[PDB]
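Results of the structural survey
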Amino acid sequence: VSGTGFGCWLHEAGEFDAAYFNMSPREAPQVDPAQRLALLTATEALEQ
Amino acid sequence: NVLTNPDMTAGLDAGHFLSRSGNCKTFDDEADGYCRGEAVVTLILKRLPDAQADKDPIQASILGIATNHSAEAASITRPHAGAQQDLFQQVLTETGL
Amino acid sequence: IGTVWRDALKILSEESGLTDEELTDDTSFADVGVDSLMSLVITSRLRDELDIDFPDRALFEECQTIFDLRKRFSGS
């Protein structure tokens, strides 16, 4: 049991565009949100 | 590499990565996955002239090293022979052998 | 073939988590997101229950779209 419960959070960490990245609805929830956010941000940076 | 999480073994077997029969049988006609092992290894490296001038014991020399990705594979986990051949040729040409 | 095809489509929809609205004939297995890893599960379940013959090649390799899988299932 922790003594602190604070922190700054990403409230849209579970949002992803599976169809764009050739994923499947059953595969997507199994991918760490870190990987999904990395994909999204990398694509945005490359396009920018 | 020390294995202590059963979940990792379960997830590797769920992905059909591990053989359910025995050890890794490479070049065998009945290869059906690999076996999980443990090992810790540490090496000491140094540029050759600095080792020679230091009277250090030398037992091998690294001539070259390279890395790439098999991003053209049919699947993410599946290998790609073309990328491996390009990597080998690149290292060989760079090393001068 | 009709009953086998319906059961196979149900199996594919379960494993893919799709609708069967967009898992149509034109659908391409690559866009769906079926890897060889998932095609192995599809074929294993298929052989275990339906008793159909899909060994050593999965589906995504030989069957690019649902057309090819349905054709294979028809046994033409």
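Thresholds applied
- Residues numbered from 1 in each chain as written, not as in the entry; some residues may be left out.
- Chains lettered and ligands numbered in written order.
- Part of a larger assembly, values for the part shown.
- Heavy atoms only, no water.
- Helix = DSSP H or I, 4+ residues; strand = E, 2+ residues; numbered from the N terminus.
- Buried < 20%, exposed > 50% of the residue type's maximum accessible area, 1.4 Å probe, protein only.
- Contact = heavy atoms within 4.5 Å.
- Buried area = accessible area lost by both parts, 1.4 Å probe.
- Salt bridge = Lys/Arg side-chain N within 4 Å of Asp/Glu carboxyl O.
- Polar contact = N/O pair within 3.5 Å; in protein donor to acceptor, adjacent residues only side chain to side chain.
- Nonpolar A, V, L, I, M, F, W, Y, C, P; charged D, E, K, R; others polar.

If you check the header, you'll see the entry was determined by cryo-EM and the resolution is listed as 2.7 Å.

Per the PDB entry, chain C goes by the name Acyl carrier protein (ACP) of Non-reducing polyketide synthase CTB1 and belongs to Cercospora nicotianae. Each PDB entry has a title, and for this one the record gives "The ACP crosslinked to the KS of the cercosporin fungal non-reducing polyketide synthase (NR-PKS) CTB1 (SAT-KS:ACP-MAT)".

Looking at the PDB entry, chain B carries the name Non-reducing polyketide synthase CTB1, with the source organism given as Cercospora nicotianae.

This brings us to unusual backbone geometry. The backbone of A:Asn22 shows a phi angle near 55 degrees, a positive value even though the residue is not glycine. Along the chain, the position of A:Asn22 falls in the segment before helix 1 (33-47). In this structure, C:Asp56 is a non-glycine residue whose phi angle is positive, near 75 degrees. Relative to the helices and strands, C:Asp56 resides in the loop between helix 3 (36-49) and helix 4 (66-74). Residue classification places C:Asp56 among the exposed positions, given a relative accessible area of 81%.

With that settled, the discussion passes to the interface of chain B and chain C. Listed by partner, the interface residues are five residues for chain B and six residues for chain C. When chain B packs against chain C, close to 480 Å² is buried across both sides, 62% of that on carbon and sulfur atoms. When the area that chain B buries against chain C is broken down by residue, the three leading residues are B:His16, B:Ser75 and B:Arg78, summing to 63%. At the boundary of chain B and chain C, one finds zero salt bridges. For the pair chain B and chain C, the interface holds zero residue pairs in polar contact. In terms of residue class, the side of chain B that touches chain C is built from one nonpolar, three polar and one charged.

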